[PDB]
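The listed protein sequences derive, respectively, from chains D, B, C, A, F and E.
For the first sequence, the residue numbers in PDB author numbering are 1 to 130.
For the second sequence, the residue numbers in PDB author numbering are 1 to 130.
For the third sequence, the residue numbers in PDB author numbering are 1 to 130.
For the fourth sequence, the residue numbers in PDB author numbering are 1 to 130.
For the fifth sequence, the residue numbers in PDB author numbering are 36 to 139.
For the sixth sequence, the residue numbers in PDB author numbering are 36 to 137.
Data block below; observations after.
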Amino acid sequence: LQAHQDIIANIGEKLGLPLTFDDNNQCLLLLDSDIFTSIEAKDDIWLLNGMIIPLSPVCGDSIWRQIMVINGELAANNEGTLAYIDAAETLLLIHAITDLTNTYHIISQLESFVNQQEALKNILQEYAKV
Amino acid sequence: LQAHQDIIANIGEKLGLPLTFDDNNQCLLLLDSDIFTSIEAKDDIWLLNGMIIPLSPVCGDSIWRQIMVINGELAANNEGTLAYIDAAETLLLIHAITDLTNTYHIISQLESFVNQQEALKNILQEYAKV
Amino acid sequence: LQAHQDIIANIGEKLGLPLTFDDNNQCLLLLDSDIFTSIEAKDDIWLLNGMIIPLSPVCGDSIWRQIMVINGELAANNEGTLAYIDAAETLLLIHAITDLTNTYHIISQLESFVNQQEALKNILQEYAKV
Amino acid sequence: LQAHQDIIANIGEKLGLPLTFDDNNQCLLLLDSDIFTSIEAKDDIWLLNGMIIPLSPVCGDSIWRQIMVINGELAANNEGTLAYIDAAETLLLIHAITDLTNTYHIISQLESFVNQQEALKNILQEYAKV
Amino acid sequence: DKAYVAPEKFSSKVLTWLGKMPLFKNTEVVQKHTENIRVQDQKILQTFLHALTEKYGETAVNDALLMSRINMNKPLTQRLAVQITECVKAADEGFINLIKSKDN
Amino acid sequence: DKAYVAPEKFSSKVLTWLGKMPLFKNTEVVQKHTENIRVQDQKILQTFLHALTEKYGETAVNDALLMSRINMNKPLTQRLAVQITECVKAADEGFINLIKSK
């Protein structure tokens, strides 16, 4: 886990924060005032987790299909996967970073991810359950 | 594209077939006469597509949610993304190969994708259209 | 032609009649009361010709299509070809016999031909030209 | 069946490709990029099928008659039978190969069939469905 | 010689050799002979003989020659050949439908 | 333990590190912490935490074992492989329709 801690400390230096992974191997972040993201250390890779919207498990064919169609566009560009977390009734965006040898690459992946997150929230926010 | 052609040619030698990318930058394959898998050279990466099953656009919440919950599992180990291709009414597994520097390593990644595709087909076979 | 004449003579003894080829390289036969057949010597092969029905050159789509569909069934079993002789406005069944090395074989071909002739005449007689 | 497989394998050798019959005793081919041909092992013979043109079931007397007259010409030299497949609304050429004892002789028969098929497509192309 | 009737049936049918027919060229000569043959339907035999005659001659011989001109006796050994037997399975599994839809 | 706001923006947005989160298993400890920290959307934020926690819950773990049970890690080098090249043409040209109908 030390190698992971050293890499995120470096990223932290670039961003201006003393970042580190917690006991959950997670690093929770907030962009602006409503974009929740987390960097997760997992074996040989890192996973970027992005909160999209709380969503009904019975939202209906029309909404599910739209989400699954968006998954095709996201996968075509390797931007991540929209996944449903059952009990939590939450739609998340998940993307693995398989190359951790370069700080610049990791930062670029993170910026593309948070921007993708914002774009998806703008499209899907109307389906969020109150 | 020539470099992409050299790489896929190397793979063909390993598998015993003269493989190549066509005019659409794709290599279409039929494995064990039942599994459809395609490889597309796209800039720096290769995009793998694997058909799972033809699926009704109104298959209902239960099936859509199950697929979306599985996306969480695939994304965790970066095995790929299940997506819906609207015009084809087909469920598709997609995964990008970002490291094309080692022939046998590429083979390993292709093998895992095909095995994952075969596994998803077995699990979701019941939901296939008539 | 001498060879053809010998072969046809041998068949005649088996069948009980002085068969032979005429100046037109033909050997006309009558079966029962209304089935006209002809055995024709043509180079290295023999052609069996069978009168089916006099038919209008403008019998209409439905009848032509039915005959053409039947040609599919006949050819699948190599039983012969239904052909139209223009000026004579006649529908004929034509089948070539490529193996003339055996008398038993030729006779077998001939008996199947006349039975086929009978079956077709029964199916198409209603369309026969008044 | 094993004998049929051995025969078409030999044919494949002379043509430069590994030919084989599938579970339905068929081998489908595309020649020169526009000639579709099929070989079917059936008992002691091989049935050759060659698609000519998709054809309207109500193409009219003139077209049906021209085709049926051609059937007479084809039958004279045992080149095959033009037939109509109703369910497919397609015109195809059908011919049986009864002598399967000599590899190059079979190649000769396959060659004449493909050339006849090409010649017929050229003659009837103008009648193909729009 | 005269037309002869065989004593034993063939394919459960009476068999008769109608005798030699005169050269088809002499239409009237053929018609003459035919009329002297006892048959349930004279016109049918006549029409059958006309048809056998027309199978060759001019119109047929000419369409045969034209066919010979159009028929390009290309060597099969030099044609491009591709085995596409598996394309049927591809269509049934919906593979072809997927490829085509992704083109739009 | 506490949230730190970065002095300079990231991707044109204000970047904030919410700090280390307590072990996810202790559900009530996590909940209590989420309230004590300076975050506006306090409700969006545990929900996200609930989601991250469940990714490796019982159901997930068990589904992974089943998948690994269903997955037949067959050698790609031993599978029958054919390159598809003229199938769309054959369909468009009507040849497949013909074979299926015969």
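Just so it is clear, CB atoms sit at the ideal spot from N, CA and C, and this is done for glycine as well.
{"Asked": "Measuring CB atoms only, is the segment 101 to 115 of chain B touching the segment 74 to 94 of chain D, in the sense that at least three cross pairs come out at less than 8 Å?", "Found": "no"}
{"Asked": "Give me the Cα-Cα distance between residue 54(E) and residue 129(D), rounded to the nearest whole angstrom.", "Found": "28 Å"}
{"Asked": "Please state whether the Cβ-Cβ distance between residue 72(C) and residue 42(F) is less than 8 Å.", "Found": "no"}
{"Asked": "Is residue 106(E) near the ligand MN, going by C-beta to nearest heavy atom under 7 Å?", "Found": "By its list of ligands, the structure shown contains no ligand whatsoever, and the ligand MN lies outside what it can speak to."}
{"Asked": "Does the distance from the C-beta atom of residue 121(C) to that of residue 39(C) stay below 8 Å?", "Found": "no"}
{"Asked": "Taking C-beta pairs closer than 8 Å, name the residues in chain A that residue 51(F) reaches, listed in chain order.", "Found": "The contacting residues do not exist; residue 51(F) stays about 25 Å from chain A at best."}
{"Asked": "Return the residues of the segment 70 to 87 of chain D that lie within a Cβ-Cβ distance of less than 9 Å from chain B, sorted by chain order.", "Found": "70, 71, 72, 73, 74, 75, 76, 77, 78, 80, 81, 82, 83, 84, 85, 86"}
{"Asked": "Output, in chain order, the set of chain E residues within a Cβ distance shorter than 9 Å of residue 121(F).", "Found": "117, 119, 122"}
{"Asked": "In whole angstroms, give me the CA-to-CA distance for residue 117(F) and residue 48(A).", "Found": "16 Å"}
{"Asked": "By the DSSP assignment, the beta strand (DSSP E) with residue 84(D) in it spans what residues?", "Found": "81 to 85"}
{"Asked": "Which residue spans inside the segment 53 to 128 of chain A form an unbroken alpha helix (DSSP H) run of at least 4?", "Found": "61 to 76, 103 to 124"}
{"Asked": "Using 8 Å as the limit for Cβ to Cβ distance, is residue 114(F) near chain A?", "Found": "yes"}
{"Asked": "Determine the closest residue to residue 86(A) out of 66(C), 37(C), 31(C), 42(C), with distance taken between C-alpha atoms.", "Found": "66(C)"}
{"Asked": "By Cβ distance, which residues of its chain are closer than 8 Å to residue 104(A), with the 5 residues on each side in sequence left out?", "Found": "14"}
{"Asked": "Return the residues of the segment 21 to 54 of chain A that lie within a Cβ-Cβ distance of less than 7 Å from chain I, sorted by chain order.", "Found": "Although the question refers to chain I, the structure presented lacks it and instead comprises the protein chains D, B, C, A, F and E."}
{"Asked": "Using a Cβ distance threshold of 8 Å, determine whether the segment 98 to 115 of chain F contacts the segment 21 to 28 of chain A, with at least three qualifying pairs required.", "Found": "no"}
{"Asked": "Beta-carbon separation of residue 93(D) and residue 50(D) under 8 Å?", "Found": "yes"}
{"Asked": "Tell me whether residue 40(A) sits in a helix, a strand or coil according to DSSP, three-state version.", "Found": "strand"}
{"Asked": "Could you tell me whether any Cβ in chain F is nearer than 8 Å to the Cβ of residue 110(A)?", "Found": "yes"}
{"Asked": "Alpha carbon to alpha carbon, how far is residue 119(D) from residue 91(E)? Give it in angstroms, no decimals.", "Found": "27 Å"}
{"Asked": "To the nearest angstrom, how far is the alpha carbon of residue 83(E) from that of residue 31(D)?", "Found": "14 Å"}
{"Asked": "Between 45(A), 34(A), 12(A), which has its C-alpha nearest residue 131(A)'s C-alpha?", "Found": "As displayed, chain A neither begins before 1 nor continues past 130, which places residue 131(A) out of reach and without an answer."}
{"Asked": "Using a cut-off of 7 Å between C-beta atoms, extract the partners of residue 56(E) located in chain D.", "Found": "22, 24, 26, 28"}
{"Asked": "Does residue 105(E) pass the burial test, meaning 16 or more other C-beta atoms within 10 Å, or should it be called exposed?", "Found": "exposed"}
{"Asked": "In chain order, what residues of the same chain lie with their CB nearer than 7 Å to the CB of residue 54(D), ignoring the 5 residues before and after it?", "Found": "89, 90, 128, 129"}
{"Asked": "Of all Cβ atoms in chain E, is any one closer than 8 Å to the Cβ of residue 118(B)?", "Found": "yes"}
{"Asked": "Looking at the structure shown, is residue 75(E) part of a helix, part of a strand, or coil, going by DSSP?", "Found": "coil"}
{"Asked": "Near residue 8(A), what residues of its chain come up, given a Cβ to Cβ distance below 8 Å and the 5 sequence neighbours on each side ignored?", "Found": "19, 20, 21, 27, 39, 41"}
{"Asked": "What are the boundary residues of the alpha helix (DSSP H) that residue 94(E) is part of?", "Found": "93 to 105"}
{"Asked": "From the DSSP secondary-structure annotation, give me the bridge partner or partners of residue 27(A).", "Found": "39(A)"}
{"Asked": "Rounded to the nearest angstrom, what separates residue 134(E) and residue 102(E) at their Cα positions?", "Found": "38 Å"}
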